[PDB]
Amino acid sequence: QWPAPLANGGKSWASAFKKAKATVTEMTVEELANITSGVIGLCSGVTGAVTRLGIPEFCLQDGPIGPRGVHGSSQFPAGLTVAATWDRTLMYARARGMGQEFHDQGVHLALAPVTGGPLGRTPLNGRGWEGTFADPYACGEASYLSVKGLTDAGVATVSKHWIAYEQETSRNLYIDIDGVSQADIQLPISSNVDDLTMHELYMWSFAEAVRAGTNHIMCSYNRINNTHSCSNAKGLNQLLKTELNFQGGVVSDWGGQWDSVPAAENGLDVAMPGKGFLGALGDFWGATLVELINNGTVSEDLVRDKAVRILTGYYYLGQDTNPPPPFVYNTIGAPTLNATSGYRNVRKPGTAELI
Amino acid sequence: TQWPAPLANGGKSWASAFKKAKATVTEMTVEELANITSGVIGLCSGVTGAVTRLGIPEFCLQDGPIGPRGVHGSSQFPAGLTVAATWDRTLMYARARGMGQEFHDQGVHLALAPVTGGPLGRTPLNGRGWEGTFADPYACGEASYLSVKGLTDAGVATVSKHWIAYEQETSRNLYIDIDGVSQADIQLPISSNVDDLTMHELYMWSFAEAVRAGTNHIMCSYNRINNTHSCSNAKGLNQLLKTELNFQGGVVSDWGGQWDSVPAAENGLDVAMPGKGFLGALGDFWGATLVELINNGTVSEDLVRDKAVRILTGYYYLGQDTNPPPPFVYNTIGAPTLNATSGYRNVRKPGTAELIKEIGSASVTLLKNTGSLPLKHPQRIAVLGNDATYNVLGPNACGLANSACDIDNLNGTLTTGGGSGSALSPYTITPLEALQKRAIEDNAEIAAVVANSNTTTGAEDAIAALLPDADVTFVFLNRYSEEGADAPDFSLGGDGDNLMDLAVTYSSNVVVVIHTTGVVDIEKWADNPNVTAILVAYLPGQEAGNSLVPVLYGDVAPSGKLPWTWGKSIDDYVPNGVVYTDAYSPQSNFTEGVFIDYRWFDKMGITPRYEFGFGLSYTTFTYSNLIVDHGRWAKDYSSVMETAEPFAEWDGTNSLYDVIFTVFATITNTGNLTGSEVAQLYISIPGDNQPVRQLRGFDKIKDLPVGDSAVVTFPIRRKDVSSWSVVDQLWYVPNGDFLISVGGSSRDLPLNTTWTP
Ligand SMILES: *[C@@H]1O[C@H](CO)[C@@H](O[C@@H]2O[C@H](CO)[C@@H](O[C@@H]3O[C@H](CO)[C@@H](O)[C@H](O[C@H]4O[C@H](CO)[C@@H](O)[C@H](O)[C@@H]4O[C@H]4O[C@H](CO)[C@@H](O)[C@H](O)[C@@H]4O)[C@@H]3O)[C@H](O)[C@H]2NC(C)=O)[C@H](O)[C@H]1NC(C)=O
Ligand SMILES: *[C@@H]1O[C@H](CO)[C@@H](O[C@@H]2O[C@H](CO)[C@@H](O[C@H]3O[C@H](CO)[C@@H](O)[C@H](O[C@@H]4O[C@H](CO)[C@@H](O)[C@H](O)[C@@H]4O[C@H]4O[C@H](CO)[C@@H](O)[C@H](O)[C@@H]4O)[C@@H]3O)[C@H](O)[C@H]2NC(C)=O)[C@H](O)[C@H]1NC(C)=O
Ligand SMILES: CC(=O)O[C@@]12CO[C@@H]1C[C@H](O)[C@@]1(C)C(=O)[C@H](O)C3=C(C)[C@@H](OC(=O)[C@H](O)[C@@H](NC(=O)c4ccccc4)c4ccccc4)C[C@@](O)([C@@H](OC(=O)c4ccccc4)[C@H]21)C3(C)C
Ligand SMILES: *[C@@H]1O[C@H](CO)[C@@H](O[C@@H]2O[C@H](CO)[C@@H](O[C@@H]3O[C@H](CO)[C@@H](O)[C@H](O)[C@H]3NC(C)=O)[C@H](O)[C@H]2NC(C)=O)[C@H](O)[C@H]1NC(C)=O
Ligand SMILES: *[C@@H]1O[C@H](CO)[C@@H](O[C@@H]2O[C@H](CO)[C@@H](O[C@H]3O[C@H](CO)[C@@H](O)[C@H](O)[C@@H]3O)[C@H](O)[C@H]2NC(C)=O)[C@H](O)[C@H]1NC(C)=O
Ligand SMILES: *[C@@H]1O[C@H](CO)[C@@H](O[C@@H]2O[C@H](CO)[C@@H](O)[C@H](O)[C@H]2NC(C)=O)[C@H](O)[C@H]1NC(C)=O
Ligand SMILES: OC[C@H]1O[C@@H](O[C@@H]2[C@H](O)[C@@H](O)O[C@H](CO)[C@H]2O)[C@@H](O)[C@@H](O)[C@@H]1O
Ligand SMILES: *[C@@H]1O[C@H](CO)[C@@H](O)[C@H](O)[C@H]1NC(C)=O
Ligand SMILES: *[C@@H]1O[C@H](CO)[C@@H](O)[C@H](O)[C@H]1NC(C)=O
Ligand SMILES: *[C@@H]1O[C@H](CO)[C@@H](O)[C@H](O)[C@H]1NC(C)=O
Ligand SMILES: *[C@@H]1O[C@H](CO)[C@@H](O)[C@H](O)[C@H]1NC(C)=O
Ligand SMILES: *[C@@H]1O[C@H](CO)[C@@H](O)[C@H](O)[C@H]1NC(C)=O
Ligand SMILES: *[C@@H]1O[C@H](CO)[C@@H](O)[C@H](O)[C@H]1NC(C)=O
Ligand SMILES: OC[C@H]1O[C@H](O)[C@@H](O)[C@@H](O)[C@@H]1O
């Protein structure tokens, strides 16, 4: 079908890749499943530590205007708003500023920016404002610069949402809350997209995102030609990881992962949110992935590539020798998470006037 | 287990022996059935329980694909790797025959030998591939047949090993339960997941040959196959081996290869080793447990009587009743596992040393020669490498299994590999002695740096001072590997890389000799003009030096050729050659099919450095006059036992091993010196996803004088031209064009013709 091309570190991540491979090489099957699946904590998502090799939990945090659910930060204008400036300098400085606030709040991975999913097939898209232009060229430019800003600030990006994620209606994220299951109720809207259109319109901004060095990409809730984005082999293994030569990790949207084995085989590298959100949003790896490896269904080396893709960003942005500070706010919310919040003021002179 | 256990009948040559077997087994109590089918404590690698009432003694099962291991008073033969490289059926037989006499005379009933297609050569990193012969079914077939014959002709029963698809040491995970730690709780053995065509065309080939040659027993391997232990795989043991190959002898467990009581009993195992040996640490699943399984109705007395009959057929057939082996006198297990004194018995016969030398001289393979060989009478000789002299701790310092020296010990000349297939030496003829003897005859001087060049103070200075004035510099490299591990890469062992860097710096006439268990990485030096000649001497046993120097000095031309493919990069071979995982149930999918060693290279259009079947002479040979004589056919009556391999053309009277045509060719000695030449025949058998070409014959012409010619002749068996029909489950000769090719290697084929039935 479409096999999983191994990470090699690409142009800029060469040394980071090699530190990643080295670390992954030392990891037990449990450790591999610990880092490739979400655990419980204060951030939108959290990767399990590899505590024996001193790899810590990574804080994944919303969102594309800056860290969400924190005090002591600034509320930046939306992507829609910078787009309207048609000013590359502002697009970059916006992201750079968002970036320092993410770093200084303690975020390893910013669940941002929005780089062409949604792009704007419908002017009614409920979350269209999070993107930029209704145009691949201009969106590509803003996406490039948005990615660079955040990464220059020392925070790994997760560009979102790959791909063809053009309506909120019946995205139908995976949720098995109460007795009921979305999987029984209704499958996600299937974006059915020819190959010219995928190439010339939707992939264009993501290509720019990859070129800018986005460390990760988030696969979307919709299905493409009736396969989930997060387990679409053509989309992740071929279009993204081969043609766009993407060297980083594919993070599930929160409930965008619907299965265990196809996901592992067809491009997904991180299961989010895992144990977070009471497990309500699916929890298909973790202990399940351990079992699948130990019984020969899934190759350990397949999962080592996932862990390598995750650690590449860690090492490239220097989070190993320059760790972000502790994240201090409960952004999940009680009663889902009963944790107290600290306080940290992260607002810096210059930010208000940039805004 | 829809594959029932077929009853022994003694097949072709063993009819008599089988009948005495059954007679004796029929008198046996249940306790006697259990005593003989499981190992007991003794001096040998394994020992079957006696049936003392019926006068059946303990049988000594002893390790030795190069001869009796762990004994003094014997000879260290070359490894199977080394005979393979001769391509000389005569030497193949005589090596086994010699090994046989030493086995018998030390008192061994069953030789755990030879290695007949497991491992065959899927990975060139296999830590124990060296115990085998060729990375080729056909050639492994021929050597397997002959090695078996020579052993049995000495009056020692063989246990051909290891059945089957045993193709990496890593995660072989023998069963063991010692120090509160069981292997069952850590990881299962690697699972060779082999399709049906591959298993027939590749892995079973050499085992068919060992069966035909009358192998008395066969050893089931440590690996699972399709996720079922080999030693309890019914389709493997009961169907493929005991039905299709019609195998009439015993299946012996590898040591810790048996994992359970009842499936083993049900699915093809005949003998549980080592039982009460090795503190019972490697599992003891039968014995008293089998007694209870019979008494309580779980396993039929009939099933176990068959096991005992298969054991006892070999005993009678080789006449060990009326002509018993002498007592075995050496503790080969080792304190503290077994605390028992050793006797002394000398078994080395006149002739053996010279046969070991000859195998060396016929095997050593010339890979590069820009003009420096043969040597005339150089006056100033430099030698580099610890491989050139003795292990600094003594030739048997590394213990009973040649594996106990420190990772950095200068072990001297690598005359054998490590593990169960090793053996002690009474001495080593070092390359440095033999070179010195010759130097002295020429009134020359000779000096060797044998220290560790990287860690010995003065060694680099000493080298820099010595080489520039030397007329020739010999460099001795080696690469130890062992059972229990795969090589991590092609790296030279010890300080090899350093020695080569230094030698090309201070000398323009470097001759390299490699003693190795397998392919090594020489890419850094092989195209350097300062390296004038490269030889690989494999594992020549005790006569390392005196075998080599005659070839260096042109007393005899090199005639050895490569029995596997020498690629430039490990990355050029079959992928996932060794699988590394902590997964509880490790998998290895043999998705390459039949395409291993040179079939991979050929199909994928990859050029090796030196191809399968390559090896230079001090002369050249021109090939002419290819004849395919369809009138030269013969009925097969020569085998010792018959298989039951089904084939489309079975008329009721004929055989898969009938020779259906013979092909001929002429070689002419077209250079300026006498030389021996290994002619080779390959066939392209038509079909889908088929090999570019397949070795189907070889003939070594000896000492062809300048100007002279000789006819080379290749019998072609029906099987040689057949494929396995997965659908129809039999062998068949396909339709289409059969390219038949002949020449000096797998890439150097001047003669070609099409046959089309
Ligand atoms: C969603 O569904 C849509 C609708 O079906 C999908 O759009 C199809 O996408 C496939 C590609 O995945 C595309 O395939 C081609 O059709 C061409 C003819 O129209 C073929 O010529 C072309 O084949 C070549 O490419 C293959 C892939 O590399 C090769 O295997 C093949 O050998 C061909 O290539 C050789 O020849 C050319 C010269 O002709 C040379 O340049 C090459 O290098 C090579 O030597 C494709 O097979 C369909 O045409 C698309 N259909 C439409 C209507 O767009 C879409 O992919 C789906 N999306 C997802 C995410 O699944
Ligand atoms: C390890 O796993 C591999 C992977 O599966 C496994 O490979 C398979 O091996 C089986 C054999 O056990 C192959 O079997 C079959 O599929 C054929 C179609 O491709 C089918 O025609 C075969 O047919 C019959 O043979 C059986 C056995 O004799 C017989 O009982 C049936 O009645 C069929 O034969 C009849 O009809 C024939 C004419 O049509 C006639 O000639 C014959 O005499 C008889 O009357 C067979 O069932 C399977 O295809 C393999 N698959 C692959 C992927 O190769 C290995 O066998 C496993 N190895 C171990 C050690 O377990
Ligand atoms: C584990 C094993 O292969 O054991 C045997 C004993 O019969 C087996 C067949 C084998 O071919 C034989 C004879 C050999 O000749 C091998 O070359 C050989 C070995 C491969 C070696 O074994 C190993 O290296 C094992 O991988 C190694 N494995 C472990 O330590 C292990 C233990 C628990 C769980 C998982 C793994 C081991 C070392 C030492 C003692 C026992 C086990 C032991 C062993 O001493 C030799 O073993 C012993 O002498 C021995 C084993 C158990 C108890 C007492 C003595 C070895 C030698 C001679 C060095
Ligand atoms: C199941 O197997 C056991 C292991 O072989 C048997 O026990 C061994 O039986 C041998 C006889 O067949 C004994 O050998 C002899 O030893 C005595 C010393 O005590 C000498 O007098 C004899 O001359 C000597 N014979 C020789 C070698 O020439 C072994 O001593 C004995 N070993 C043990 C462990 O006791 C069982 O007999 C066997 N059980 C059955 C039911 O057959
Ligand atoms: C001289 O012979 C020595 C054997 O008598 C040999 O030592 C052994 O070398 C092998 C390498 O082939 C080592 O292999 C193992 O190394 C570690 C062990 O902890 C494992 O991770 C590997 O998987 C592998 O099994 C042996 O450990 C080593 N044996 C001992 C007792 O130290 C030397 O290498 C030989 N000398 C030279 C210069 O080659
Ligand atoms: C798998 O990941 C989980 C999630 O982080 C690990 O546990 C935490 O380990 C950190 C140190 O890295 C401790 O500060 C926390 O107390 C642990 N949290 C919990 C919930 O106990 C776990 O250690 C990981 N396991 C392995 C084998 O690395
Ligand atoms: O909770 C979301 C609000 O949705 C409102 O409605 C939407 C429309 O009916 C239509 O566009 O479909 C989407 C779902 O695909 C609806 O969310 C309305 O239902 C309100 O109750 C909600 O506040
Ligand atoms: C392996 O484990 C998974 C999850 O625990 C299970 O769904 C699957 O069926 C298992 N397969 C085997 C062969 O045991
Ligand atoms: C062998 O193939 C099966 C699917 O048929 C798969 O589960 C297993 O992981 C494969 N092994 C490899 C190639 O890693
Ligand atoms: C948090 O507290 C609420 C109310 O005190 C409780 O019902 C809920 O179960 C708790 N949440 C979790 C995830 O434990
Ligand atoms: C028969 O004996 C074996 C070995 O003691 C034991 O595993 C099994 O439970 C017994 N079975 C029955 C049916 O008594
Ligand atoms: C052999 O002797 C050693 C050393 O006294 C002892 O520890 C060991 O238990 C003995 N071996 C056996 C199997 O009796
Ligand atoms: C070959 O040897 C000479 C010394 O004899 C040395 O100076 C020269 O650099 C060497 N050349 C190569 C290609 O190593
Ligand atoms: O994990 C230890 C490992 O070390 C060697 O390099 C490998 O080739 C394996 O054979 C061995 O088991």
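Which net charge results when you count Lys and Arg as +1 and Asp and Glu as -1 among the other residues whose beta-carbon is under 14 Å from that of A:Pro188? Kindly include the intermediate steps, with their values, before the conclusion.
Working: positive: A:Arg171, A:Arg223; negative: A:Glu166, A:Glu168, A:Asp184, A:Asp253, A:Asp259.
Around A:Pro188, the surrounding residues sum to -3.
Among B:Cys398, B:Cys60, A:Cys139, B:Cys405, what is the fewest-to-most ranking by other Cβ atoms within 10 Å?
Listing B:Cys398, B:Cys60, A:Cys139, B:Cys405 from fewest to most nearby Cβ atoms yields B:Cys405, B:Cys398, B:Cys60, A:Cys139.
Projected onto the charge dipole of chain A (+1 at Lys/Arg Cβ, -1 at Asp/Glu Cβ, origin at the Cα centre), which of A:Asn295, A:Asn322, A:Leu124 gives the Cα projection farthest towards the positive end?
Comparing the listed Cα positions along the dipole, A:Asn322 ranks first.
Based on the Cα coordinates of region B:644-717, what is the per residue volume of their convex hull in Å³? Please list the in-between numbers first.
Working: hull volume 8.9 nm³, N = 74.
Expressed per residue, the convex hull around the Cα atoms of region B:644-717 is 120 Å³.
Normalised by the number of residues in region B:517-666, what is the relative contact order in percent for Cα pairs under 8 Å and 6+ residues apart?
Result for region B:517-666 is 22 percent.
What are the ³J(HN,Hα) values, in whole Hz, obtained from phi via the Karplus relation 6.51 cos²θ - 1.76 cosθ + 1.60 with θ = phi - 60°, for each residue of region B:547-563 in sequence order, with x given for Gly and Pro?
Values, residue by residue: 7, 7, 5, x, 7, 5, 8, x, 4, 9, 5, x, 10, x, 9, 5, x Hz.
Which value, in debye to the nearest 20, gives the size of the charge dipole of region B:104-160 about its Cα centre, when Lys and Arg are +1 and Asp and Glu are -1 at the Cβ?
Values: 3 positive and 5 negative charges, 38 e Å.
With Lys and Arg at +1 and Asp and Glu at -1, about 180 debye.
Report the local net charge at A:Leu311: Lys and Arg +1, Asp and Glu -1, summed over other residues whose C-beta lies under 14 Å from its C-beta. Walk me through the numbers on the way to the answer.
On the way: positive: A:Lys18, A:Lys19, A:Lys21, A:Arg304, A:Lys306, A:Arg309; negative: A:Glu26, A:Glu31, A:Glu57, A:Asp269, A:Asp305, A:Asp320.
It works out to a net charge of 0.
Taking a threshold of 28 Å on the Cα-Cα distance, which of the pairs B:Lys149/B:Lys357; B:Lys242/B:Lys561; A:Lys21/A:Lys348 fall above it? Mind showing how you got there, number by number?
Numbers: B:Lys149/B:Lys357 22 Å; B:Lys242/B:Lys561 35 Å; A:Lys21/A:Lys348 37 Å.
Result: B:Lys242/B:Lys561; A:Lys21/A:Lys348 exceed 28 Å.
Using the beta-carbon distance between A:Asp87 and A:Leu53 and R0 = 30 Å, what value does 1/(1 + (r/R0)^6) give for FRET efficiency, to the nearest 0.05?
Values: r = 44 Å, r/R0 = 1.47.
Result of the calculation: an efficiency of 0.10.
Which number comes out as Rg/Rh for region A:46-115 once both Rg and the Kirkwood Rh are worked out on C-alpha atoms? Let's see the in-between values first.
On the way: Rg = 14.2 Å, Rh = 13.2 Å.
Dividing the radius of gyration by the Kirkwood radius yields 1.08.
What average number of partner chain Cβ atoms lie no more than 10 Å from the Cβ of the residues making up A:293-301? Let's see the in-between values first.
Details: counts 5, 8, 5, 11, 3, 1, 6, 7, 5.
Mean inter-chain Cβ contacts per residue within 10 Å come to 6.
Where does chain A land on Rg/Rh, using Cα atoms and the Kirkwood Rh? Each step should come with its number before you reach the end.
Details: Rg = 18.7 Å, Rh = 20.0 Å.
Reported Rg/Rh, Kirkwood definition of Rh: 0.94.
Report the Cα-based extents of region A:70-207 along its three principal axes, largest first, to the nearest Å.
Principal axes ranked by extent give 45, 39, 23 Å for the Cα atoms.
So, with +1 on the Cβ of K and R and -1 on the Cβ of D and E, and no other charges, what is the size of the charge dipole of the protein assembly as shown about its Cα centre, to the nearest 20 debye?
360 debye
Could you check the spin-label model distance between B:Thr753 and B:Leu197? Points 7 Å from the Cα along Cα→Cβ, value in nm.
Going by the 7 Å Cα→Cβ label model, 2.9 nm.
If you count the DSSP beta bridges with both ends in chain B, what percent of them are antiparallel, to the nearest 5? Kindly include the intermediate steps, with their values, before the conclusion.
Numbers: 52 of 97 bridges.
Among the beta bridges of chain B, antiparallel pairing accounts for roughly 55 percent.
So, with +1 on the Cβ of K and R and -1 on the Cβ of D and E, and no other charges, what is the size of the charge dipole of region B:1-107 about its Cα centre, to the nearest 20 debye?
Working: 9 positive and 8 negative charges, 84 e Å.
Approximately 400 debye in magnitude.
On a full-extension model of 0.36 nm per residue, what is the gain between B:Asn443 and B:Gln2, subtracting their alpha-carbon distance, rounded to one decimal in nm?
Working: separation 441, 0.36 × 441 = 158.76 nm, distance 7.46 nm.
Roughly 151.3 nm would be gained on extension.
Tilt of helix B:352-363 relative to the longest C-alpha principal axis of chain B, in degrees (0 to 90, nearest 10)?
The angle comes out at about 70 degrees.
Where q = 0.07, 0.09, 0.10, 0.11 Å⁻¹, what log10 of I(q)/I(0) comes from the Debye formula for chain B, counting one point per Cα?
Rounded to two decimals, the profile gives -0.48, -0.80, -0.99, -1.19.
Run the simple label-point estimate for A:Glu168 and B:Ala335 please: 7 Å along Cα→C-beta, distance reported in nm.
According to this spin-label approximation, the distance is 8.4 nm.
Helix-only mean residue ellipticity at 222 nm, the protein assembly as shown, DSSP H runs n ≥ 4 weighted -39,500 (n - 2.57), per residue, nearest 500. What is it? Intermediate values should be presented prior to the final figure.
On the way: 26 runs with 265 residues, N = 1112.
Counting only the DSSP helices, I get -7000 deg cm²/dmol.
Normalising by the residue count of chain B, find the relative contact order in percent from Cα pairs under 8 Å and 6+ residues apart.
On the way: 1972 pairs, mean separation 119.7, N = 757.
Reported as a whole number, the value is 16 percent.
Run the numbers on region B:598-757 and let me know its relative contact order in percent, using alpha-carbon pairs under 8 Å that are six or more apart.
Numbers: 338 pairs, mean separation 42.8, N = 160.
27 percent.
So what are the ³J(HN,Hα) numbers for region B:110-119, from phi and the Karplus equation (6.51, -1.76, 1.60; θ = phi - 60°), rounded to whole Hz, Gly and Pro as x?
10, 8, 7, 4, x, 9, 10, x, x, x
Looking at chain A, which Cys residues are left with no other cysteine's beta carbon under 4.7 Å from theirs?
Isolated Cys, chain A: A:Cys139.
Under 16 Å from a point placed 7 Å out from the Cα of B:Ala288 along the Cα-to-Cβ direction: which residues of region B:24-66 have their backbone N that close?
Only B:31-32, B:34-36, B:38-41 pass the distance filter.
If you add up the charges near B:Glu131, with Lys and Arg at +1 and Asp and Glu at -1, over every other residue whose beta carbon is less than 9 angstrom from its beta carbon, what do you get? Spell out each step's value before the answer.
Numbers: positive: B:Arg128, B:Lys161; negative: B:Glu483.
Neighbourhood net charge equals +1.
So which residue, out of A:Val251, A:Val29, A:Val46, gets the largest mean-square fluctuation from a GNM of chain A using Cα contacts under 10 Å as springs?
A:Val29
Where is the GNM fluctuation largest for chain A (alpha-carbon springs, 10 angstrom cutoff): A:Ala280, A:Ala22, A:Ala110?
The residue that fluctuates most here is A:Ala22.
Counting only residues 5 or more places away or on other chains, whose amide H sits under 5 Å from the amide H of B:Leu730 once H atoms are built in the peptide plane?
Sorted by chain and number, the residues that satisfy this are B:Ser725.
Listing B:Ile311, B:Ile294 from the residue with the fewest other Cβ atoms within 10 Å to the one with the most, what is the order?
Details: B:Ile311 25, B:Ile294 20.
Fewest-to-most Cβ neighbours within 10 Å comes out as B:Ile294, B:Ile311.
Distance between Cα centroids, region B:302-344 to region B:582-607: provide it in whole Å.
Between the Cα centre of region B:302-344 and that of region B:582-607, the gap is 39 Å.
Using 23 Å as the Cα-Cα cut-off, could you pick out the over-long pairs in B:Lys161/B:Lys349; A:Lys19/B:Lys524; A:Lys11/A:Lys306; B:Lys349/B:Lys437; B:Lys22/B:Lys235? Intermediate results must be reported in sequence, preceding the final value.
On the way: B:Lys161/B:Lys349 27 Å; A:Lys19/B:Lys524 27 Å; A:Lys11/A:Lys306 19 Å; B:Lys349/B:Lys437 25 Å; B:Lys22/B:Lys235 25 Å.
Violating the 23 Å limit, Cα to Cα: B:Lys161/B:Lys349; A:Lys19/B:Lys524; B:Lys349/B:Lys437; B:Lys22/B:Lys235.
Taking chain A as a Gaussian network, Cα atoms linked when under 10 Å apart, which of A:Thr25, A:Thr157, A:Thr297 shows the biggest mean-square fluctuation?
Per the Cα network of chain A with a 10 Å cutoff, A:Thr297 tops the list.
Along the charge dipole of region B:572-696, Cβ charges K/R +1 and D/E -1, which of B:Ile606, B:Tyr584, B:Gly671 sits furthest on the positive end?
Projecting each Cα onto the dipole axis, the largest value belongs to B:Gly671.
What spacing in nm lies between the two simple spin-label points modelled at A:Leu124 and A:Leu80, each 7 Å away from Cα in the Cβ direction?
Each label point is offset 7 Å from its Cα along the Cβ direction, giving 1.6 nm.
Based on other C-beta atoms within 10 Å, arrange B:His109, A:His199 from fewest to most.
Numbers: B:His109 26, A:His199 14.
So the residues, fewest neighbours to most, are A:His199, B:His109.
Taking Cβ-Cβ under 4.7 Å as the only way to count a partner, pick out the unpartnered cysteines of chain B.
B:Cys140
Specify the inter-centroid distance of region B:172-204 and region B:228-291, based on alpha-carbon positions, in whole Å.
After rounding, the separation between the Cα centres reads 14 Å.
Select from region A:266-355 those chymotrypsin sites (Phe, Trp or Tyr not before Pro) which occupy a DSSP coil region and have at most 14 other Cβ atoms within 10 Å, ordered by residue number.
Here the chymotrypsin sites (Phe, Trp or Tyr not before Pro) that fit, given the DSSP loop and packing criteria, are A:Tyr343.
Find which of A:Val346, A:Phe17, B:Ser507 sits farthest along the positive direction of the dipole of the protein assembly as shown, computed with +1 on the beta-carbon of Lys and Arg, -1 on that of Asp and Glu, about the Cα centre.
The one lying farthest along the dipole's positive direction is B:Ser507.
Values in this text are rule-based calculations from the coordinates and carry no lab data. Neighbour counts run over all protein chains shown; Cβ positions are idealised from the backbone, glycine included.
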